[PDB]
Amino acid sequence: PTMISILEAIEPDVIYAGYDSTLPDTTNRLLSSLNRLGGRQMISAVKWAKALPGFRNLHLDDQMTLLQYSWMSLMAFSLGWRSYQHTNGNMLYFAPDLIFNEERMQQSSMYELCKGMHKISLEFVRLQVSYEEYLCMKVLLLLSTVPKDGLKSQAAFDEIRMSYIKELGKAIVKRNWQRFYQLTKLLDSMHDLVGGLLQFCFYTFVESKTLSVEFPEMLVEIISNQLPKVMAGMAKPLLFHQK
């Protein structure tokens, strides 16, 4: 089987938030639901990541570190893709039972960040990103935020990352350098957006009582590790372009 076949085969099914739409929206309900969904998606992401060629050969500590650093990037990018594929206009397709319009983006109290995530879908539109390109790009996001002090299997990581860069190149050819330049530019743009998402995430995590935002155990585990590392500057982006 081809590398791209495996990527297609291991791509998770769509996840539901478990939202009751008969009950009115509130800020707390929306954010807590977003978090419950985030937690479910991350359980699936762990499963997905563990099945990735090459990546599955890294020491397990490296596997969980990369997933932990890249969590927000992966989910924002997948959101962008879902919103492109299943929706049109200013709408975010978080889940089949949790779709945001202008109202819901406003009431979430993270309106500007919703618009930032929406920009990803607009870029998928403009560039006409193929499914195969998207699958390759998503893996690159898993491999694009690393601890500043390095990984256990650094040389192996570099090799794995290069192979998926080559995979992206194959996805491009199927259908050149200009497209590579453009798609890697889109990857780089995730870092600034994710910075904004993380600022708000940490705020809601800390202010959760006074606000009243619920987080699942899955996200509590991630955030309690990521809050200190990100705030302490331990995460380094691996950029394709000059900053």
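We number the residues from 1 along the sequence you see.
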What size is the break between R175 and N176 in terms of deposited sequence residues left without coordinates: none, 1 to 3, 4 to 9, or 10 or more? 4 to 9
Can you tell me which stretch has the higher mean Cα B-factor, 134-142 or 108-116? 108-116
Highest mean C-alpha temperature factor of the two stretches 149-157 and 119-127, which is it? 149-157
Out of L211, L183, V194, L37, which shows the largest CA B-factor listed in the entry? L211
Check the PDB entry and point out which of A95, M91, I165, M72 has the largest C-alpha temperature factor. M91
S32: CA temperature factor from the record, placed by chain third, in the middle
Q226's Cα B-factor: lowest, middle or highest third of the chain? lowest
Ordered by C-alpha B-factor within the chain, which third holds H241? Give me lowest, middle or highest, please. lowest
Would the CA B-factor of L67 place it in the lowest, middle or highest third of its chain? middle
Please rank the C-alpha B-factors of the chain's modelled residues and tell me whether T26 sits in the lowest, middle or highest third. highest
